[PDB]
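Structure assessment
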Amino acid sequence: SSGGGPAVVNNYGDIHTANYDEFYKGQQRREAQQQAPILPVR
Amino acid sequence: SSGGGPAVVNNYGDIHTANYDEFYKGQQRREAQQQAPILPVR
Amino acid sequence: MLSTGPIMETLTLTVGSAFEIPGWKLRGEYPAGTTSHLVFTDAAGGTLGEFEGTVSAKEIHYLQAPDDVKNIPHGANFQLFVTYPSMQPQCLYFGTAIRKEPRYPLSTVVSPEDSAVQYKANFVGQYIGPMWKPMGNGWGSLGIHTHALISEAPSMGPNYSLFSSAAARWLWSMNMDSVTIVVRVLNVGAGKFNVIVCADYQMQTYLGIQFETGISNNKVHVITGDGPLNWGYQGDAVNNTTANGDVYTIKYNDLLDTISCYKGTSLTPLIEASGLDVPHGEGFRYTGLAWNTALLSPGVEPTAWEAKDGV
Amino acid sequence: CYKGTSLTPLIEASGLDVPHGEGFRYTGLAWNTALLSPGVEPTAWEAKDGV
Amino acid sequence: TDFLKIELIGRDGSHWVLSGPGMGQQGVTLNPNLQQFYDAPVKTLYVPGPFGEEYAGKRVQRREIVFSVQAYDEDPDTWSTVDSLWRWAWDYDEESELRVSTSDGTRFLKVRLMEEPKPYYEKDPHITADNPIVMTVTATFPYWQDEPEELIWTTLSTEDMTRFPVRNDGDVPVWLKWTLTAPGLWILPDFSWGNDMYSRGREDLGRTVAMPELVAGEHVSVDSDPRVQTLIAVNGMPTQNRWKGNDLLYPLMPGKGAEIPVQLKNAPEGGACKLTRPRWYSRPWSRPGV
Amino acid sequence: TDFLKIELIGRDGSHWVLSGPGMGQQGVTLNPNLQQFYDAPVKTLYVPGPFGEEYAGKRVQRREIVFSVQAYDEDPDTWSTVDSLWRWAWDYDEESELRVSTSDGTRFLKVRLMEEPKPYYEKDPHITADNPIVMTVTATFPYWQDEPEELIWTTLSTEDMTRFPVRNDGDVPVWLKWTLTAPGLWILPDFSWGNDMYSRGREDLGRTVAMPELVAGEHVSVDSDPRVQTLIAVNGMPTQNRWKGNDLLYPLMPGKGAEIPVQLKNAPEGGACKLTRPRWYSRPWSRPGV
Amino acid sequence: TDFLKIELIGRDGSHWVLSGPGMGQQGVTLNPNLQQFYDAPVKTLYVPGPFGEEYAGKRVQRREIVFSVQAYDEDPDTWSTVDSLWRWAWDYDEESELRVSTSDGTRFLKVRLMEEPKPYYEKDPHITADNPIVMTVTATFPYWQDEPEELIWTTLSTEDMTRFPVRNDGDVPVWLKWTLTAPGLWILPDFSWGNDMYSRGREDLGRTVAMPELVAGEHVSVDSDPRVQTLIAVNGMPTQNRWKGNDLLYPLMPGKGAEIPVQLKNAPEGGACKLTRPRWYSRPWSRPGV
């Protein structure tokens, strides 16, 4: 039952419902966390 | 047979299985290739 | 299709087999004077073979010796023509000849480089183990003696409950003719102990070194095998004493064909024989041990055994 | 140890308290000189299983 | 049927009749339901506009033909020979010819294996000796074509001119090929035929372009199709390097034809030219179009 | 059928006859509908072009064979023994042979377990003692193989030369392996056979590459296969550093062969050269082609 | 059948016989079609290569077992008790044992609830008192296992040595555990068994590693499996901190066995050693492998 349907689509990963804008915003947030404290205040 | 199934899904392109992580990493790698040599050593 | 053509068929060729086309599958109405020929050709158009079939009133028969069809390869084209009297030849069948035979990919399967092999045995378990195959006396003719009254390692010997002399063969075979057998043995009684080299799978013919330990024997012999439990001596013999925990190295050398025995660390052969008439080579690389005691008690028996391929 | 082709051991020892068997079958060489110059050195080395 | 014949000439030169008169004589017939075989696949382009979308142009796509053949014989050994020969008749690197013959003539398509063939049934094929092979072949050049029409004009004069009758009777524009001898300066026609692709449809009605002055022994081939470089000398000289960015821009549009002029000057020996007009079609059979 | 025999030689040396004469003697038979078994999977590359897309080359893909077997026996205990033996015949790390024997000879494929087998029905297997195992095996090397041909040339001379007869009867190019003794300077053929993948198909028709001078004990294996390093010294010395950028570039193209020349010079004790030529095919069986 | 017996021992110690002799005596039987139950799931890895893809390795995956049980009783109240007991037998945080007993012995798999069970039919379950529960359990450790082989060697000597006979009869590598008393310096074997994972197959054939000198009261457990830290002392001292980057690297490969040597030195009292060899299998039942 699970093997061969949505339960294996989940194993496939982001083939069905998965959004681009949220992923891009998350990557931007991670980069901002990485780089914000080292940017100058000027 | 081929026309109207997975063989035309391939023509559609990245509608089914395709992840965002390696695409973003590849874009970052291309930008790093473009910009790394011209970044100063300081 | 205004003009008829031939029929595509196949012809089977086999090495060492007569090439025959039976007449019952080439049936027809052939008047006297009708001929038939079969032509085998390669891909370039060159004739690899040409044969004439026996045309009778109702059939055409082909029959060729294997030497004629030896040189036609697998996949060569063939055409069969029948010429009626006062008429032009016509092709009945055409196609490719296949070779239906065992195919040998290796040009020469040389003897594989079976590397040197080594084995050892110490006899610490309860029973002998499957690595020793009893000979002559049959299954259950071997056993382990503890020798706890002398504080020594256990030894292999015939089970003296129902046997007095018995032989065992190593389960595996050596890969080369030259071998080395190192045995650590004890002399806790009176008897004869044979180390068997270059034996057959039944231990029918072999070289061997015999240690006789007794009140008067105290001798070492070179022996030739006739049966697992019977042997014949070769040459003279050397007087020898066997103490407990005595190590003897029996080396058989194929080149410079010889058998020799060394005691302990000395490289001088205590006994040596050369030119013994025993078959060698493949199938005669088995090693073994044998015991023969007049009484029903252990005599001279090994506590440790070791075999190495090559000298 | 046998020197040259002599059939009698040049030196011999027995019963040394060293573990034997599997896991203790490695071999090697060693050198120690007081001076910074070659002393006794092996031109050729060969090892063989068994005796 | 006798109205249509389909043949395959393999890369090895083997000849097979899949359908039509004499089909199956070599052991292979053509199963029904073959796709992307008749019309050349074309996709059209659209830009956003006030009333929805506006036409932007068309592009012709490569043919992805999927078809099944049936290899048959009475005995399994001969069936195996037939199947092996059929497999040998195909390749990936080089293309085999697929000819269609009707009352409109014979038109051929060059096809290669797009992927591995799918042979046989579920069980082993020696049981049946009659097995289907599904084949996915591809046509990089998607147009069906006939043998090109060739004309030759030779002269001995130092300066001369000639007229070549040209007419596209097919469905699609064709690209002319020229073979010009050396030495000599040629002027070749590049008529627009009213084609407005560069917004010069009637400005280039009588366009003529001068090839660079060819030196002795530098016979050139001038192929106007975009697949290949335009100017190529047979002695290896870099002729197009001397051409200042000039080129042939216009194909022979369908339904168009005229007496195109060829001019030769400064030819002390007096040279020759050959015009090759391809006959490309988008369909295996079609009535001629005026 | 007697025309086709399929065997498996397991990683533990077990011999199973799945189809053909003697099938099922070991308890396991082969079920129909086995995929990617006959033709080597090849993908073709296409790049945009003027008339759609243009052919850009081919890449062969690893084989993925999904096939079912049936393990059967009269009693559940011995059936369980058979099923356990069949499972023991396979592994993930090490490969086992799948051999196909027909009138064209015997050709094998090295296959390994791609994933875990899917055994039995939905109920208890001991109920029926006759159960199917679904195997998804993979062939990293997708070509069916025959036993490679080995040729030996031993010479006692300081300088000598020999002609190795070589011929590719398969449908795919093969890569030769050389085993050269030391000391000595070897010259080995790197003939292009007309292969033009380095733009030197005619320039390298009789190309010979001189291996670096070998010191005593530096026996070398010189394998043209891209999967392995070309020069490998048996004692571990870096011998490719003395090779100055030269390499063996060309495989043995299909349908090509000759007496390739091998030269030995400066050999104080002679030398021995072994040539191993693989015999690769894309199908379990096929008639010879030329 | 009587050739196979399946039991569940819940988190609370309850015992259920789902299949085999005496099945259903506790009210719960096993429905057909249980999946990912026999073979341990493994995914194989492949890198791009010249001939397609090259084998890169294998990874064993966790078991995701979906199976149905059927809880039944004559009266709905007793059915409710049975259903509640079955629910109490399972948990998410702690694992329950699933034992398979055949002629090859009894092997157990530790499984936990992967998600909420799906009970009952479309109507209320008291109508029938015979209802199915669909269970999606998971095995984080995917190998079926038996009780490990344990050996003990105690001594009174200050310096001593022993040999432990060891042999992997299963189809998967197992990781050894040691229990070593203190004080004393131990030399433990880490034989490669010819395994080439570190490219030191026969280089590490007789590898032995020295544990750090244990002080009084610092009895240690040395577990080679990667799930757990190697050195753990019973008194909480950081023994591994004194073990300067050393580790046990090799598992006992299948089909391999020997008399592994253990050495004890600097032990004034004379210590004790215990060796635990797990019996891991990839299948609920299998004949012993040699």
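Counting of residues begins from 1 for each chain and follows its sequence as written, which need not mirror the entry numbering; any residue without coordinates is not displayed. Here chains are named by letter from A upward and ligands by number from 1 upward, in the order in which they appear as written. What is displayed is a subset of a larger assembly, so the values quoted cover only the displayed chains. Here the side-chain values reflect all heavy atoms present in the structure, with hydrogen atoms and water set aside.

For this deposition, the record names cryo-EM as the technique by which the model was determined and cites 2.97 Å as its resolution.

**What about the pattern of salt bridges?**
Opposite charge on two side chains lets them pair, provided their charged atoms get close. All names here are of chain F. Our working definition: We define a salt bridge as a side-chain nitrogen of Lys or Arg found within 4 Å of a carboxyl oxygen belonging to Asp or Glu. Labels follow the DSSP assignment, with helices taken as runs of H or I lasting at least four residues and strands as runs of E lasting at least two, numbered in each case from the N terminus.
Applying the stated criterion across every chain yields a total of 60 salt bridges over all chains. Here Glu 149 ties to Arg 279 by a salt bridge, and the two come within 2.4 Å at their closest N and O atoms. With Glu 149 in strand β11 (residues 144–155) and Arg 279 in strand β19 (residues 271–281), this residue pair connects regions lying 130 residues apart in the sequence. One salt bridge in this structure joins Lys 274 and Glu 150, with 2.8 Å as the shortest N-O distance. With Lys 274 in strand β19 and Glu 150 in strand β11, this pair connects stretches of sequence that are 124 residues apart.

**Overview of the interface of chain D and chain G**
What counts, and what does not: Contacts between residues were defined by any pair of non-hydrogen atoms, one from each residue, lying within 4.5 Å. A 1.4 Å probe defines the accessible area here, and the buried area is the portion of it lost by two parts on being joined, summed over both. In this classification, the charged set is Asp, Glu, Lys and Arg, the nonpolar set is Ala, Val, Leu, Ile, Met, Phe, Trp, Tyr, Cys and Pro, and all remaining amino acids, among them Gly, are polar.
Each side of the interface is counted separately: chain D has seven residues, and chain G has twelve residues. A per-residue breakdown of the area chain D buries against chain G is headed by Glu 22, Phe 24 and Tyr 26 of chain D, which together make up 70% of the total. Linking chain D with chain G are zero salt bridges, by the criterion used here. Residues belonging to the side of chain D that touches chain G are distributed by class as follows: three nonpolar, three polar and one charged.

**Let's talk about the sheet that holds strand β18 (residues 257–265) of chain G**
Residues and elements named next belong to chain G. Test applied: Criterion used throughout: strands pair if DSSP finds at least two bridges between them. Throughout, an axis means a line fitted to C-alpha atoms (over the contacting stretch in the case of helices), and angles, computed between N-to-C directions, take values from 0 to 180 degrees.
The strand order across the open sheet built from four strands is β12-β18-β14-β15, with neighbouring strands paired in antiparallel fashion. Every interior strand has two partners, whereas the edge strands, β12 (160–167) and β15 (208–210), have only one. Going from strand to strand, the sheet's axes swing by 20° on average, the running direction of each strand aside.

**Quick notes on unusual backbone geometry**
Quick note on the threshold: Burial here depends on accessible area, computed with a 1.4 Å probe over protein chains only, as a share of the maximum for the residue type. Under 20% is buried, over 50% is exposed, and the range in between is partly exposed.
The step from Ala 182 of chain E to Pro 183 of chain E runs through a cis peptide bond, and the omega angle for that step is 0°. Along the chain, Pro 183 of chain E falls in the loop between β13 (177–180) and β14 (185–189). One non-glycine residue, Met 203 of chain C, lies in positive phi territory at about 55°. You can see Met 203 of chain C is positioned in the loop between β15 (191–199) and β16 (207–213). Of the residues examined, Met 203 of chain C reaches a relative accessible area of 0% and is grouped as buried. A positive phi is found at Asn 33 of chain F, a non-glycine position, where the angle reads about 60°.

**Examining the pairing of strand β13 (residues 177–180) of chain G**
Sheet faces and side chains relate simply in a regular strand, where the side chains alternate between the two faces. Residues and elements named next belong to chain G. Side chains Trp 178 and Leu 180 project from β13 onto a buried face, and the interleaved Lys 177 and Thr 179 project onto a face without burial. Sheet analysis places β13 next to strand β16 (residues 220–223), joined by four bridges and oriented antiparallel. Its bridge partner lying in β16, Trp 178 is registered against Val 222. Two elements, β13 and strand β19 (residues 272–281), share four bridges in a ladder whose sense is antiparallel. Bridged to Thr 179 within β19 is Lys 274.

**Some thoughts on the interface of chain G and chain F**
Defined as follows: Under the rule applied, a polar contact is a pair of N or O atoms within 3.5 Å (in protein, one hydrogen donor and one hydrogen acceptor; residues adjacent in sequence only if both atoms are side-chain atoms).
Opposite the 28 residues of chain G that make contact, chain F presents 37 residues. Interface area, chain G with chain F, both sides summed: about 2,900 Å², of which 60% is carbon and sulfur. Counting every contact that joins chain G to chain F gives two salt bridges. Among the salt bridges present, the one from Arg 283 of chain G reaches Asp 83 of chain F, with a minimum N-O distance of 3.1 Å. Taken together, the links from chain G to chain F amount to twelve residue pairs in polar contact.

**Observations concerning the packing of aromatic side chains**
Residue and element names in this part refer to chain E. Here is the rule: A pair of aromatic rings is counted whenever rings of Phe, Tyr or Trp (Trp by its six-membered ring) have centres within 6.5 Å, and the orientation is called stacked for planes under 30 degrees apart, edge-to-face for over 60 and tilted otherwise.
Scanning the entire structure with this criterion turns up 74 aromatic pairs over all chains. Aromatic side chains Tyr 198 and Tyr 250 sit 5.3 Å apart centroid to centroid with 75° between the ring planes, which places their arrangement in the edge-to-face category. With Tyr 198 in the loop between β14 and β15 (208–210) and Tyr 250 in the loop between β17 (231–233) and β18 (257–265), this pair connects stretches of sequence that are 52 residues apart. A relative accessible area of 43% means that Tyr 198 is categorised as partly exposed. According to the relative accessible area criterion, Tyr 250 is buried, its value standing at 5%.

**What to know about the relation of the copies chain G and chain F**
Quick reminder of the rule: A least-squares fit, run on the C-alpha atoms, superposes the copies.
In screw terms, the move from chain G to chain F is a rotation of 58° and a rise of 0.3 Å along the axis, fitting with an RMSD of 0.6 Å. What we have between these two chains is a six-fold relation.

**Here we look at the sheet that holds β16 of chain C**
All names here are of chain C. Here we have seven strands laid out as an open sheet, ordered β10-β13-β22-β15-β16-β17-β18, and antiparallel in their pairing. The open sheet has two free edges, formed respectively by β10 (132–135) and β18 (231–239), since each of these has just one partner strand. Recorded for the sheet is a direction-independent mean angle of 20° between the axes of neighbouring strands. One ladder, built from six bridges, connects strand β17 (residues 219–225) with β18; its direction is antiparallel.

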